[PDB]
*Asks:* 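After the structure tokens below, expect a handful of questions from me.
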Amino acid sequence: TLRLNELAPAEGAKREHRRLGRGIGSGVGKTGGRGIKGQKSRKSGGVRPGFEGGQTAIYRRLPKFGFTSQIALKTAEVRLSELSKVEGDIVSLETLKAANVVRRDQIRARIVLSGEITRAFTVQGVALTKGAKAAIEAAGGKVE
Amino acid sequence: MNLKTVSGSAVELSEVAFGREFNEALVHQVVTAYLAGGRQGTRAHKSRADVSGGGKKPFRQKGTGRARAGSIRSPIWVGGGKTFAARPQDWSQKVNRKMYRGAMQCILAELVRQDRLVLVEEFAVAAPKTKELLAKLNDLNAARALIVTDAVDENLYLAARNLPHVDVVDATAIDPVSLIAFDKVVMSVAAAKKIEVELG
Amino acid sequence: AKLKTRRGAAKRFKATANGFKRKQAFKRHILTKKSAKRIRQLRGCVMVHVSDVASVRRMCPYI
Amino acid sequence: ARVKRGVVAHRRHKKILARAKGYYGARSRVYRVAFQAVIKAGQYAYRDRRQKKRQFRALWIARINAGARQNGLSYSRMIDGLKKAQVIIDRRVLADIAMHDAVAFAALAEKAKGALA
RNA sequence: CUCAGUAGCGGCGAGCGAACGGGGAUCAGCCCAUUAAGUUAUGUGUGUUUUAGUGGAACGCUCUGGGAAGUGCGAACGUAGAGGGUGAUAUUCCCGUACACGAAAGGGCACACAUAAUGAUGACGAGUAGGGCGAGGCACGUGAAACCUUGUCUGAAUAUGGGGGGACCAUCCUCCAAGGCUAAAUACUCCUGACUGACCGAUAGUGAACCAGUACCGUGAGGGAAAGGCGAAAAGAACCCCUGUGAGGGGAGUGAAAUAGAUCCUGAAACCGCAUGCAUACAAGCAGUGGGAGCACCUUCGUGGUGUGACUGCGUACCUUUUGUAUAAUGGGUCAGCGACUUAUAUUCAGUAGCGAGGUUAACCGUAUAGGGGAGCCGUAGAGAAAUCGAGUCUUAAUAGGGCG
RNA sequence: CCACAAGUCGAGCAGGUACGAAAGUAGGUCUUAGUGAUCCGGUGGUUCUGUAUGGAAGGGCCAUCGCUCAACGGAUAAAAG
Ligand SMILES: NCCC[C@H](N)CC(=O)NCCC[C@H](N)CC(=O)NCCC[C@H](N)CC(=O)N[C@@H]1[C@H](O)[C@@H](OC(N)=O)[C@@H](CO)O[C@H]1NC1=N[C@@H]2C(=O)NC[C@@H](O)[C@H]2N1
């Protein structure tokens, strides 16, 4: 035990890799699982993803819709349970960023009623949902 | 946990660093990762594009009765390119911080319970003499051993340099392969305390 | 290299909780001849069929 | 990690050629021909392990027929008579006795025709 | 390194593909005519480095053997147990290694002074900014197209002034173009020194281990090979015999070995001889297979072993491609050697290990697989085109109904 | 009903209607053919967005218009020997 020639991995951790075209007995000899002839049997034989043989594809016979909002890319959603990572009792955008629950380039945050909290927090400048506000006040915090 | 040094003194060492249950799969993964990270991986071959010459078509496509050929450096031909030419490779693996620490803790605990770890209050040599170090180790009955000290004295390092099956390392420079390879590990109490603080 | 999104498919599909939603065809024009029921029932979003979900996943790997 | 094939390939070819000993011409000298010849020999042996049982049963039946006709019976009637007499000696032993012991076979035929009567 | 294959561009196809912000490496500013930082030369001084080199520990007996470094028994050195060689495998036989020393004379670099010279025809920027026409560059294909460059035609204001903030206007914010110089972090290897390899070992590895860009081919540009090994030491065979004073061989001699004798280690296969045993000149075919007499040698004397195989039942090769092949459809004269599912990145699923409502670092630092580095990524919440709300949300006049959760 | 994209029938609820004295009937025509996806554009509306801010341009959403794309799942805006 505990020698360089007495260490082994757990069962099922390692498998042999598949080797094609090495005889009848291996079961993947000759054609190597590619079947007989055709486009897919050639080297680099697959067709482009989304190609359906020539008919108008699924992503082209359907219409485009919608537009992308720019403010959504900078609005951040925060779970209530994530407040436990905040050091101190003041919950603000800066302290959430310091706790790494909000990415540094975000300009605003919203707190949703997802988990549970026990500490009493003071929330300054962050939007709260109706459930999250009740949860904070029940736990003993206040808003601004 | 309570351990006994060679002189009968009692030492208190944390169970986290020196008493973890042995996890062979974790230890094996970390050890093989260390061995793989030891590789150099310097080599290459020449593909059909790299071999000298071979730009022109050797003979015409039809009419000669030969098998059709495109270049004399084809990988089918003797002296042609290698089909899949190798390039230098990087053999390092990622090891999770917690996985490395847990493997080292398991190794240390297993050494303790197999009685291959020997604790000493102090381990120093007066002069850089190979014979001095040899006699000192023969007294402790650890002629083949890895010595771990809090700091590596120059005299000790010089005395140990020429001895086969003996190496001396700092407490902060232990590695899983060397902990397993040597027959015994002779550790000073200060080095043991430093390793305790590091928790493996 | 990183997988590249097929941008047309990205413009046609958006992800829901357990699938992908899409708009319906046959509402862009030629609308007078269509009955009121078709006009109101071809409005809104529907789900991508399970036969096409795999292709959509291959085309849009990051949504 | 370059691997040279010579030792193992030579061993395999030599084993095939050793199994092909005694065959005519290229069948015992040339690897391709010899390899085709060994596989076909195995196929023939597999088929003939089944054919052998039929051939030996036919031989036993012919010898029993000759003995029965020496004793005044046909093979089919003698088999039927033994069946009715409850004798369960098989055709191999019956043919052995027919070939090597005429008196015992005469007694067996007498028992068969006594059961037939 | 991230942001991010995101925002966008695109016969809105195939594809192309940012920036802002954040984390690191390195950090540095100085001037426009009395003119700066800096750079380059020459000389002097100091320091360091480099071009020859010197010393450098410690082993005996015994057995096998042609030969000892190998066996068995004891001993010594180690700041030296890296490596190479010596008749087989050596810390103590040799060259070396650790370590301690060493330079008439020359070269490189670093710092400090001295003198030159440069920076430096330039003094706040007019045929310039802007505009019309045609093109080019920007992730951005004329698009709602800002911004940069200009071939052509024009053309300001000039600090109460001018440029930008993606058509454009107003307001705010921010900078000062039409004059310059500037180290580091970055890119590379013809070449020099040291060291290294889960890189090759003569069809491999450079085309080339060898008198190779040679022989050879071509008018020429150009193309382009094959070819390594006696033995520890030549001790490379005096002399005799056959033969043409040839080639070649038989003795002799050397050698541990000559079937190591010169294209000489080992010495496979295809292919070609000689010798012995059995079968074979009245019998029709993929050449075998299942039976089976006789003969020869051996023998444990047999219900045995080896070789052969009279006679007999059955039996039209292999691969590929095909509805289907003995097919008179394809491919292979034979042997030996080589010859085809790989590598990097991303992503998804399954096993397995760590940790677990959490998991995990990247670049980078680090005498460095450790330890630091939390930027970022994934999970923890959906609905909606979106603004917005949020265990709900969208649609609607509707708390009805319905869709996604 | 159906590979997808599509196609078909529909009781019932709310609002506003028409015809009936009323119970009621009516979401085109006895039914099954009379048709064309996506892209790009035009028109009406809009308690959506709007690249510093207020606007605007542009975009989104709802309704609707431009095909013998008839080789009628339509490879190009654009093609004979
Ligand atoms: N019982 C039967 C009795 C029968 C009776 N007696 C009849 C009989 O007996 N007839 C004998 C006939 C035999 C045969 N016909 C004679 C023959 O052949 N003479 C050959 C005469 C000339 C010979 N060619 C020269 C030769 O050898 N050059 C080589 C060559 O340049 C090269 O080698 C290779 N490979 O490239 C080089 C590489 O090393 O070495 C050289 N040489 C070296 N030697 C040295 C060595 O050893 N150490 C040191 C160094 O000097 C080495 N270099």
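Note that these values count all heavy atoms, side chains included, but never hydrogens, waters or copies made by symmetry. Chain naming here is simple, since letters A, B, ... match the order of the sequence lines and numbering starts at 1 in each.
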*Asks:* Suppose we define a pair by two distances each less than 3.5 Å, Watson-Crick or G-U wobble; what does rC4(F) pair with here?
*Replies:*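 Pairing partner, where one exists within any strand: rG73(F).
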
*Asks:* Who does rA177(E) pair with, Watson-Crick or G-U, both distances under 3.5 Å?
*Replies:*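 None - no nucleotide pairs with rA177(E), as no candidate has both distances under 3.5 Å.
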
*Asks:* Given the cut-offs of 5.5 Å for six-ring centres and 30° for planes, are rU266(E) and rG267(E) stacked?
*Replies:*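 Stacked: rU266(E) and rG267(E) meet both the distance and angle limits.
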
*Asks:* So, do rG15(F) and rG16(F) stack if we ask for centres under 5.5 Å and planes under 30°?
*Replies:*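 So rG16(F) stacks onto its neighbour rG15(F): yes.
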
*Asks:* On RNA chain E, reading 5' to 3', which nucleotide is the first and which the last to sit with an atom under 4.0 Å from a heavy atom of chain C, could you check?
*Replies:*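 Extent of the interface on RNA chain E: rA4(E) to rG405(E).
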
*Asks:* Going by purine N1 to pyrimidine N3 plus the second Watson-Crick contact, or the G-U wobble pair, all under 3.5 Å, which nucleotide sits opposite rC133(E)?
*Replies:*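 For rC133(E), the partner nucleotide comes out as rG151(E), under the 3.5 Å rule.
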
*Asks:* Tell me whether the bases of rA283(E) and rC282(E) count as stacked, where stacked means ring centres under 5.5 Å and an interplanar angle below 30 degrees.
*Replies:*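 For these two strand neighbours, the answer is yes: their six-membered rings meet both cut-offs.
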
*Asks:* So do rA117(E) and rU118(E) actually stack on each other, going by six-membered ring centres closer than 5.5 Å and planes off by less than 30°?
*Replies:*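 Yes, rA117(E) and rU118(E) stack on each other.
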
*Asks:* Mind calculating the distance between CD (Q70(A)) and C1' (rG50(F)) to the nearest angstrom?
*Replies:*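 For the pair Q70(A) CD and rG50(F) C1', the rounded distance is 10 Å.
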
*Asks:* Please pick, from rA6(F), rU64(F), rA63(F), the nucleotide with the shortest atom-to-atom distance to any side-chain atom of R43(C).
*Replies:*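 Taking heavy atoms from C-beta onward, the closest nucleotide is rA63(F).
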
*Asks:* Pick the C1' atom in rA279(E) and in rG294(E), then give their distance to the nearest Å.
*Replies:*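 Between the two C1' atoms, the distance is 11 Å.
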
*Asks:* Paired with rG43(E) by Watson-Crick or G-U wobble geometry, both distances under 3.5 Å: which nucleotide is it?
*Replies:*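 With both distances under 3.5 Å, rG43(E) matches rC113(E).
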
*Asks:* Just to be sure I understand the rule, does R22(A) reach a base, reach only the sugar-phosphate, or reach nothing, if contact means heavy atoms closer than 4.0 Å?
*Replies:*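 It contacts sugar-phosphate atoms only.
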
*Asks:* Please give, in whole Å, the distance from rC4(F) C1' to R12(C) CZ?
*Replies:*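 The distance from CZ of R12(C) to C1' of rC4(F) comes to 16 Å, rounded to the nearest Å.
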
*Asks:* Which whole number of Å gives the distance between the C1' atom of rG102(E) and that of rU50(E)?
*Replies:*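 14 Å, rounded to whole Å.
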
*Asks:* Here, do the bases of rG201(E) and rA202(E) lie with ring centres under 5.5 Å and ring planes under 30 degrees of each other?
*Replies:*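 Result for this step: unstacked.
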
*Asks:* In whole angstrom, what separates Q55(A)'s CD from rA6(F)'s P?
*Replies:*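 That distance rounds to 13 Å.
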
*Asks:* Can you tell me, in whole Å, how much space there is between the P of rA202(E) and that of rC210(E)?
*Replies:*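 Taking atom P in both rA202(E) and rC210(E), they lie 16 Å apart.
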
*Asks:* Using base atoms that line each groove, which groove does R47(D) approach with its side chain to under 5.0 Å?
*Replies:*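 The minor one, because that is where the side chain of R47(D) falls within the cut-off.
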
*Asks:* Work out how far the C1' atom of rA257(E) is from that of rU266(E), and round it to whole angstrom.
*Replies:*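 Between the two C1' atoms, the distance is 14 Å.
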
*Asks:* Applying a 4.0 Å non-hydrogen cut-off, can you work out what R11(D) is touching in the nucleic acid: base, sugar-phosphate, or nothing?
*Replies:*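 The residue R11(D) makes no contact with any strand.
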
*Asks:* Take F67(A) and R22(C), find for each the nucleotide of RNA chain F with the closest heavy atom, and name the residue whose nucleotide sits nearer the 5' end.
*Replies:*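 Whichever sits nearer the 5' end wins; that is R22(C).
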
*Asks:* Mind calculating the distance between NZ (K64(A)) and P (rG60(F)) to the nearest angstrom?
*Replies:*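 From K64(A) NZ to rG60(F) P: 8 Å.
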
*Asks:* Using the P atom as the point on both nucleotides, what is the distance between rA167(E) and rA33(E), in whole Å?
*Replies:*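 Nearest-Å result for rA33(E) against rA167(E) at atom P: 43 Å.
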
*Asks:* Would you say the side-chain atoms of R108(A) and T75(A) include a donor-acceptor pair closer than 3.5 Å?
*Replies:*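 There is such a pair (donor and acceptor under 3.5 Å, judged by atom type) between the side chains of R108(A) and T75(A).
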
*Asks:* Mapping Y100(B) and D48(D) onto RNA chain E by nearest heavy atom, which one lands closer to the 5' end?
*Replies:*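 Its nearest nucleotide being more 5', the pick is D48(D).
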
